[PDB]
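As structure tokens, the structure follows; a few thoughts come after it.
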4 protein chains.
Amino acid sequence: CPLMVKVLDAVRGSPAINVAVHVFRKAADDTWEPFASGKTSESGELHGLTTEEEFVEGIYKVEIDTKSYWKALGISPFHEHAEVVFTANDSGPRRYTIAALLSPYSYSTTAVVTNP
Amino acid sequence: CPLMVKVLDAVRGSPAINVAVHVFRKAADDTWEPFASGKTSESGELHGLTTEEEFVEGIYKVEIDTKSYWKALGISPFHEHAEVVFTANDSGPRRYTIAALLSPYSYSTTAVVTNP
Amino acid sequence: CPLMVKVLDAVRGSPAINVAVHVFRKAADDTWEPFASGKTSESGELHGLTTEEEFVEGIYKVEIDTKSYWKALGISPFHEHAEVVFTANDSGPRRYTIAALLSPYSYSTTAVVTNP
Amino acid sequence: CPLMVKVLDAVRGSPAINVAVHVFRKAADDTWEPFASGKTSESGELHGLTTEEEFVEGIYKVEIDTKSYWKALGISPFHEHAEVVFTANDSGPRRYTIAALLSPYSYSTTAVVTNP
Ligand SMILES: Cc1ccc(C)c(OCCCC(C)(C)C(=O)O)c1
Ligand SMILES: Cc1ccc(C)c(OCCCC(C)(C)C(=O)O)c1
Ligand code: NA
Ligand code: NA
């Protein structure tokens with residue numbers, strides 16, 4: 001699994017379950033092309049977005065749909081979503097974990113990048 | 001001031017100085033139109049972005065050019081830039097402070113929304 | 001002002017108002033001795049804690065009574081309190097800002113250390 | 001595993017490896033008694049601190065030795081350590097994950113609490 005996303009909830013002290021995630025890759029014409037999407041499991045984790053073959057060099061945007069997550073829980077949050085934009089695989093294939101920690105008026109993100 | 005941006009550096013323990021910040025407003029056709037921009041001051045702050053009359057309800061995106069910031073300090077960064085995407089809502093308090101805390105592989109953002 | 005504390009609320013998107021803050025200095029016998037304390041203002045800030053003459057090099061601990069803060073808002077919190085433990089060093093810049101961002105199961109803190 | 005600790009590094013985009021962790025439990029006399037300690041693995045994780053039997057009701061302090069971690073990498077950090085202080089197992093046994101994200105002048109912590 002070359003790209004994985006994990007999301008925690010800072011209000012409940014739990015995984016953030018059923019969070020929609022959309023990944024885009026910047027195209028030659030500088031627009032964002034849809035690349036992969038899915039939703040986090042009971043453990044807050046989203047596996048299986050892509051494959052080593054398809055996950056080529058590029059600029060990627062991981063959009064985490066925080067608003068829909070909070071509204072589904074009955075909360076009115078500040079942000080529309082949380083974005084993480086980065087160049088990937090520029091020095092050969094790596095494995096990326098994108099982690100986010102959510103609050104209604106705040107979020108944090110970090111990346112773990114490892115070499116297989 | 002209806003909209004203020006403040007950026008801090010978690011590696012140096014300082015304001016993030018001379019960081020470029022672009023604000024966009026979402027247009028009816030869902031494209032992002034330029035709205036305001038500037039560079040953070042010696043205190044990491046960017047004031048004067050807009051006025052009450054110009055800052056109407058809507059979806060806004062604040063793009064912080066973190067990559068240039070780190071490169072100017074000789075640090076290899078992960079992100080292309082940081083985004084903060086939010087709805088401005090007249091019901092709520094009048095003044096928005098968007099704060100961001102920068103690290104090379106991570107970032108945190110929060111909103112401080114208050115009445116004078 | 002050589003030492004300032006600022007506290008924000010990630011659930012409400014506001015300053016954290018009326019939060020008790022205790023500062024301790026580490027004594028030669030490794031116990032923590034009271035040094036200064038106060039309550040955050042309506043802007044989430046606590047000024048006037050100490051003076052240049054009193055704030056000598058050493059190890060300090062800033063305790064923020066997060067549990068009382070959340071309970072006063074009717075929110076069930078995880079932590080007993082938040083701590084920030086650091087060395088004051090005269091080599092470095094003169095002014096220390098300790099900032100904390102509070103959620104019920106999480107918190108973030110950073111230091112902004114600058115010269116006037 | 002009723003108590004686990006995970007630590008990431010925001011500068012390197014990696015697990016924080018070989019981080020010393022000390023856990024204390026508040027005693028009847030209000031002093032902090034040593035409870036368990038260990039260090040994070042190659043994956044940034046610390047398992048095996050305690051057992052369901054020994055991990056009784058109490059106020060616990062998880063001290064993460066961030067200074068020793070950064071100094072071992074040649075960096076002079078701001079904080080002495082990162083503390084997480086909380087009441088545990090007050091409503092029966094739970095499983096706690098304590099996560100931290102480290103930068104030289106900043107850290108973040110969150111907790112995941114689950115019911116077995
Ligand atoms: C303290 C903090 C700040 C910011 C973020 C994004 C955090 O993310 C959760 C990391 C979870 C992890 C370690 C990847 C895991 O579950 O194995 C944590
Ligand atoms: C601990 C932490 C984590 C993440 C962020 C974004 C933080 O914001 C900095 C707040 C600075 C403030 C209060 C807006 C000011 O200087 O006026 C703080
Ligand atoms: Na290349
Ligand atoms: Na009980």
Side-chain angles (χ1 to χ4, degrees), chain A residues 8 10 13 99 101 108 110 112, chain B residues 10-11 13 101 103 105-106 108, chain C residues 26 32 59-64 66 78-87 98 100-103 105-111, chain D residues 1-26 32-50 55 59-73 75-88 96-113:
Chain A
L8 304 179
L101 174 68
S108 296
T110 200
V112 178
Chain B
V11 172
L101 179 65
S103 297
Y105 281 77
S106 180
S108 297
Chain C
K26 201 182 216 182
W32 294 107
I59 300 178
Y60 292 82
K61 170 175 63 167
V62 177
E63 286 194 350
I64 303 166
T66 61
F78 173 71
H79 306 92
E80 287 301 303
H81 63 246
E83 296 185 8
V84 181
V85 184
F86 67 97
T87 297
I98 303 305
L101 179 65
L102 309 184
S103 297
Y105 281 77
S106 180
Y107 74 82
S108 297
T109 186
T110 194
Chain D
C1 202
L3 172 64
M4 188 256 294
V5 184
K6 184 153 194 186
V7 192
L8 304 179
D9 180 323
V11 172
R12 283 175 186 73
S14 68
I17 312 174
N18 292 327
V19 179
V21 180
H22 297 255
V23 189
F24 306 87
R25 182 185 175 273
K26 207 184 225 174
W32 293 105
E33 284 185 354
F35 178 81
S37 61
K39 65 199 317 193
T40 61
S41 69
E42 319 187 20
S43 74
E45 299 192 7
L46 172 48
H47 302 269
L49 280 169
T50 188
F55 194 30
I59 296 172
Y60 293 81
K61 171 161 53 172
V62 175
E63 174 197 289
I64 297 169
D65 295 334
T66 59
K67 187 171 210 196
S68 302
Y69 172 79
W70 291 113
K71 289 186 71 186
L73 293 167
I75 302 303
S76 315
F78 184 79
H79 301 89
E80 291 298 304
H81 28 74
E83 312 74 40
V84 183
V85 185
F86 60 104
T87 298
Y96 296 82
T97 297
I98 306 297
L101 174 68
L102 307 185
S103 298
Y105 280 73
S106 180
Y107 64 90
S108 296
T109 192
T110 200
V112 178
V113 185

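Letters A, B, ... mirror the listed sequences (proteins, then strands); counts begin at 1. As a basis for the values below, the full set of heavy atoms in this structure was taken, side chains included, without hydrogen atoms, waters or symmetry mates.
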> Quick one: are the ring centres of D/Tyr60 and D/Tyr96 less than 6.0 Å apart?
Replying inline: no
> Under the 3.5 angstrom rule, does the side chain of D/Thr97 hit a backbone N or O of D/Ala111 as a donor-acceptor pair?
Replying inline: no
>> So, using side chain to side chain donor-acceptor pair (under 3.5 Å) as the criterion, who are the partners of C/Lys61 when residues are at least two apart?
In response: C/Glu63
>> Less than 4.5 Å apart, side chain to side chain, heavy atoms only: is that true for D/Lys26 and D/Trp32?
In response: yes
> How about C/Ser108 and B/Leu101: do any of their side-chain heavy atoms sit closer than 4.5 Å?
Replying inline: no
For residues 3-18 of chain D, please give each side-chain donor-acceptor pair under 3.5 Å, one per line with the distance, not counting sequence neighbours.
unit_1, atom_1, unit_2, atom_2, d
D/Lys6, NZ, D/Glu45, OE2, 2.9
D/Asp9, OD1, D/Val11, N, 2.8
D/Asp9, OD1, D/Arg12, N, 2.8
D/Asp9, OD2, D/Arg12, NH1, 3.0
D/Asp9, OD2, D/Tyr69, OH, 2.6

> Quick one: are C/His79 and D/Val84 in side-chain contact, heavy atoms under 4.5 Å?
Replying inline: yes
>> Check the orientation of C/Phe78 and D/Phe86. Use parallel for under 30°, tilted for 30 to 60°, and perpendicular for over 60°.
In response: parallel
>> Return the CH2 to OG distance between D/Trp70 and D/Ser103, rounded to the nearest 0.5 Å.
In response: 6.0 Å
> What heavy-atom pair brings C/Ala100 and C/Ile64 nearest, and what distance separates the two atoms?
Replying inline: CB-CD1, 3.9 Å
> Is there a side-chain contact between D/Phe55 and D/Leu49 (heavy atoms, below 4.5 Å)?
Replying inline: no
> Does C/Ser106 reach the main-chain N or O of D/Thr109 with its side chain, forming a donor-acceptor pair under 3.5 Å?
Replying inline: yes
> Which atoms form the tightest heavy-atom contact between C/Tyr105 and D/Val113, and what is the distance?
Replying inline: CE2-CG2, 4.0 Å
> Can you list every pair that meets salt bridge (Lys or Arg N to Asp or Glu O under 4.0 Å) and has a residue in residues 79-88 of chain D, with sequence neighbours left out?
Replying inline: D/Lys67-D/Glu80
> So, the side chain of C/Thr87 versus the backbone of C/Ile59: is there a donor-acceptor pair under 3.5 Å, distance only?
Replying inline: no
> Shortest non-hydrogen contact from D/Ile75 to D/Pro77?
Replying inline: O-CD, 3.3 Å
